[PDB]
Every structure is written in structure tokens, then in C-alpha cells.
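A.B. asks: Just passing along the structure, written as C-alpha cells.
Computed from the coordinates by the stated procedures, all read-outs in this text should not be read as laboratory data. FYI the Cβ positions are ideal-geometry reconstructions off the backbone, even for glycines, and counts take in every protein chain you see.
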Protein chains: 2
Amino acid sequence: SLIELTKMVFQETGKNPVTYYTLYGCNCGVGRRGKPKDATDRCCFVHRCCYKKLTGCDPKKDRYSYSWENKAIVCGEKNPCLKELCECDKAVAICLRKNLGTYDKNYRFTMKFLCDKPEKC
Amino acid sequence: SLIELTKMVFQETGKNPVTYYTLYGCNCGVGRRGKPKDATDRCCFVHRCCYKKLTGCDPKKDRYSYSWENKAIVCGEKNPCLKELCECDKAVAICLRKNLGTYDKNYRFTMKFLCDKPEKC
């Protein structure tokens, strides 16, 4: 769920996920599709694509078990849609963390830039 | 700081400020600008106008002292910028609560409406 995804993203980035990633670029955030602006944005694109591959579970609302063990996300979750959901989430959290160096707060300003056609998953 | 802001908005409104106010209308939440769509939105605009007037401290980072006395915020903060920043936050919290009457969950969805040109403070 969002809860876990927000948690994981915090856990990896150390950043307030809600302010960093609620709206960012063309792909981070609920409304949002468009050619990735940058690596961060691309993580959210990849993560949205990841969600699309899922069947039988709801990324938004469904809870799943993961742990943080040695400071890394461990999707201990047997149920294999949930495992995949969890793994989508873990992927984006890591991805976002990896891309902190280029994170641009101006890409929060949805009105300060335009979104090209969405990239295809 | 956002810590104190978020607490106050919570205190006043009793709503989760993350779900309610991370993204609302054209002004509430990071990177949002535009003509306020309604009173709640305008609360947020006034609050950024408030921050805009501050010289000498950082509305995001700077912790400050307030108390909740008889379920009203008191900016007991001595230091003059931090107390102003407290008053901004105190004001928005109050404003958001006051305008809960007309709060429109519709305005949470970025792509559901347009933001016209920001008004000037």
C-alpha cells in the first residue's frame, strides 16, 4: 500500500516522501504521466510501469509484509502479487534514493514545466 | 518548521494534514501556486504570503516554541522572526479549521482542476 511505499521511500531516501514525491516531474504523483524529466522522475515512471504488471492486488490499498533488515528492504511477503507489489515499491525507494543527487525541487512545480508524451512502459 | 506547522494544522483541524493538505487546490502543499480555488486554498496562499513577509528565519527548518493552551495555539516563541513564523503557521491552522465548512475533497486531485495565475500577496 501507500503506507508501505511511503515508508520504504523514506527509509531509502531519508527524505520526506510526501513532500519530495507527491508531485514531482511528469510521473511522480497521482495525476501524472509524461516523459520523465530526470532520473527521479524516471524512477516513478518505472514504478508506475511496475504497478501495471500486477494482477490480483491493489497497489494503493493493499498491505503487505516487508522488513528492514540490515537497512535494506526485504520483501518477505509470500503472496506473489503482494511480493511483486512490495518489490515495485522497494525498487522505487532505492531508485529514488539513488537519484537524490539530481533531485530538483523545481520539478515539484508542476506549473513551471511541461510534460512530453508519456514514455511507454 | 513543518513539524510545528503540521502539528498546528492537525491541532486546529483535527484532520491528517498529510492527506488533507499535502495537496489541495493551487496553494496547499509544496510547489503549488495559483489563484486560490476556495477558502481552504486561500488559507494556504495567505500562509505562503505570510512566510513571504518573514525576514530572518526559515519557515521550513526553524523549530519554534508554541504551546497549546486551552486548545488554542500560543506562539510563546520570544525570538521575533520565529514567533512571526509561528503566527503564520498558527494562522493557517486556524484558517484551515475555520474553512473546513467548505473543504472540497475534489481540490486534492491536481488533474481535476486548473490553477489560474497566482494572485499576488
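A.B. asks: What's the percent breakdown of Cα-Cα distances in the protein assembly as shown across 5 Å bins, shortest bin first?
C.D. replies: 1, 6, 13, 15, 16, 16, 13, 10, 6, 2, 1, 0
A.B. asks: Report, in debye and to the nearest 20, how large the dipole of the protein assembly as shown comes out about its Cα centre when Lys and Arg carry +1 and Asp and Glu carry -1 on their Cβ.
C.D. replies: Values: 48 positive and 28 negative charges, 120 e Å.
About 580 debye.
A.B. asks: At residue A:109, label 7 Å along Cα→Cβ: distances to the other copies, nm, ascending?
C.D. replies: When each copy's label point is compared with this one, the spacings are 2.8 nm.
A.B. asks: Would you work out the relative contact order for chain A, in percent, from Cα pairs under 8 angstrom that are 6 or more residues apart?
C.D. replies: Values: 187 pairs, mean separation 46.4, N = 121.
Relative contact order, chain A: 38 percent.
A.B. asks: Taking loop as defined by DSSP and a crowding limit of 16 other beta carbons within 10 Å, which GluC sites (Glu not before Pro) in the range A:1-85 fit?
C.D. replies: Details: sites: A:4, A:12, A:69, A:77, A:84; in loops: A:69, A:77.
Passing both the DSSP loop test and the Cβ count: A:69.
A.B. asks: Sort B:95-107, A:34-46 by the packing proxy (mean of other Cβ within 10 Å over each peptide's residues), most packed first. Intermediate results must be reported in sequence, preceding the final value.
C.D. replies: Working: B:95-107: 15.9, A:34-46: 20.8.
My ranking of the peptides, most packed first, is A:34-46, B:95-107.
A.B. asks: On a full-extension model of 0.36 nm per residue, what is the gain between residue A:15 and residue A:30, subtracting their alpha-carbon distance, rounded to one decimal in nm? Walk me through the numbers before you get to the answer.
C.D. replies: Values: separation 15, 0.36 × 15 = 5.40 nm, distance 1.88 nm.
Extra length from residue A:15 to residue A:30 when fully extended: 3.5 nm.
A.B. asks: A follow-up question, please. Give, rounded to the nearest 20 debye, the magnitude of the charge dipole that chain B has about its Cα centre when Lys and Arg contribute +1 at Cβ and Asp and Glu contribute -1 at Cβ. Walk me through the numbers on the way to the answer.
C.D. replies: Details: 24 positive and 14 negative charges, 68 e Å.
That gives chain B a dipole magnitude of about 320 debye.
A.B. asks: Taking θ as phi - 60°, what are the ³J(HN,Hα) couplings along the range A:104-121 by the Karplus curve (6.51, -1.76, 1.60), each to the nearest whole Hz, with x for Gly and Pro?
C.D. replies: 3J(HN,Hα) across the range A:104-121, in whole Hz: 10, 4, 5, 6, 6, 8, 2, 8, 8, 6, 10, 10, 5, 2, x, 7, 7, 5.
A.B. asks: Just name one of A:106, A:13, A:72: the one whose Cα is farthest towards the positive end of the charge dipole of chain A (beta-carbon charges, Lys/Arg +1, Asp/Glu -1).
C.D. replies: Sorting the options by dipole projection puts first A:106.
A.B. asks: From the gyration tensor of the Cα coordinates in chain A, what semi-axes in whole Å does the equivalent ellipsoid have, largest first, with each one equal to sqrt(5λ)?
C.D. replies: On the way: eigenvalues 114, 53, 23 Å².
The equivalent ellipsoid of chain A has semi-axes of 24, 16, 11 Å.
A.B. asks: As a quick test, which of the pairs A:53/A:112; A:7/A:90; A:15/A:98 have an alpha carbon distance above 20 angstrom in this structure? Write out the running numbers ahead of the final one.
C.D. replies: On the way: A:53/A:112 31 Å; A:7/A:90 10 Å; A:15/A:98 12 Å.
Among A:53/A:112; A:7/A:90; A:15/A:98, the Cα-Cα distance tops 20 Å for A:53/A:112.
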